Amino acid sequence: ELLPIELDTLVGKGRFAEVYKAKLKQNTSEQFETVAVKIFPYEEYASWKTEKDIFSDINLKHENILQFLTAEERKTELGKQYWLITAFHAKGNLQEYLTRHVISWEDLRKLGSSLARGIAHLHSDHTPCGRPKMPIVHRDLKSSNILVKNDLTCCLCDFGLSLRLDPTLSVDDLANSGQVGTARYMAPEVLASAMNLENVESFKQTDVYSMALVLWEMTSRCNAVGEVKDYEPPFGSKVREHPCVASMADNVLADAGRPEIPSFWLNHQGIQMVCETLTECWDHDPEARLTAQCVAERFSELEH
């Protein structure tokens, strides 16, 4: 049976689906509960299925991963819709949050350390207890799809382009997907079409590079650095609003371009640590990049 849900507001429109703030009126007498509904048309059934498989995976439950209530199929006059019902985070996406607010050092520490913890959890080949689990690579990490919870910690969602690192995966299966994701956040090796298709685990390195760009966005809006400029997306000054891969290749790969880090930012000890860490993470060489777990560990050291 379908949950008693009333759609309130359209909060997100993506290639695959629409996200709605909704009211779950389980009970007529008591106050309604705010939930999120991601709606996929029948044409996007595949994206719905990929996300559903992730959200319903018991091993994937984590504080930094969007909480999942249920998946439904709803017949409509036009056809059928595929729904994902989840917890709603009122603060919204990280990109919009950074645009509107200048964060404290404590905020940056919480946001950056929780982002790394969520990615590390997806990447992990084992559960906290010690049981083997099949790693997931997000493949489309960016500030626009990271939610901010009420306690100012990050929460991952938008798993439509995600890849389970299954051993049975073929080169043909992988190459066919090719460059998947947002061009602005693509790692240089992806822009170069230089990956080893047989090596599925190298996709973890691409996620780390995108994470580095997000960490830089958080850092750019932190008041600890000093004077804070208006929020700009990575490469905002260099490329157009919807950049192509050729143009991103030109900047990221040909010019080795990265978002600028003014030297005055380094004056703060904490900011310096974050900048050094993120710099290692966006290195041209994937091998030079730290793991998400390593980054989570460095953030732990930031209490000092």
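In this text, rigid core is short for the largest set of C-alphas that superpose within 1.5 Å between two forms. Heads up: residue numbers just count along the shown sequence, starting at 1.
> Which of these two stretches, 214-222 or 201-209, has the larger RMS Cα offset in 6 other deposited structures of this protein when the rigid core is kept aligned?
Of the two stretches, the larger average C-alpha offset in 6 other deposited structures of this protein falls on 201-209.
> How do 281-289 and 12-20 compare in 6 other deposited structures of this protein: which one has C-alphas farther from this form after the rigid core is matched?
Checking 281-289 against 12-20 in 6 other deposited structures of this protein, I find the farther stretch is 12-20.
> Taking only the other compared entries that model residues on either side of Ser104, decide whether it is unmodelled in at least a third of them.
In all of the other entries, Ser104 has coordinates.
> Please determine whether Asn267 lacks coordinates in at least a third of the other PDB entries of this protein that model its flanking residues.
It is not, since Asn267 is included in all of the other entries that model both flanking stretches.
> Of the two stretches 276-284 and 18-26, which shows the higher Cα B-factor on average in the entry?
Comparing averages over the C-alpha atoms only gives 18-26.
> Read off the CA B-factors in the entry, average them over 222-230 and over 136-144, and name the higher stretch.
Comparing 222-230 with 136-144, the higher average CA B-factor belongs to 222-230.
> Quiz for you: based on the deposited Cα B-factor, which of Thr86, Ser124, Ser170, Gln95 is highest?
It is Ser170.
> Take the CA temperature factors straight from the PDB entry and tell me which of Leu152, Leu197, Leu161, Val208 peaks.
Of the candidates given, the C-alpha B-factor peaks at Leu197.
> Sorting the chain's CA B-factors, does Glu217 end up in the lowest, middle or highest third?
According to the entry, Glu217 has a C-alpha B-factor in the chain's lowest third.
> Where does the C-alpha B-factor of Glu33 rank in its chain, lowest, middle or highest third?
It falls in the top third of the chain.
> Consider only the C-alpha atoms of the modelled residues in this chain, order them by B-factor as the entry records it, and name the third containing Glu44: lowest, middle or highest.
Ranked within chain, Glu44 CA B lands in the lowest tercile.
> Sorting the chain's CA B-factors, does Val252 end up in the lowest, middle or highest third?
Tercile = lowest for this residue's CA B-factor.
> Using the temperature factors of the C-alpha atoms in this entry, rank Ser104 within its chain: lowest, middle or highest third.
According to the entry, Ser104 has a C-alpha B-factor in the chain's middle third.
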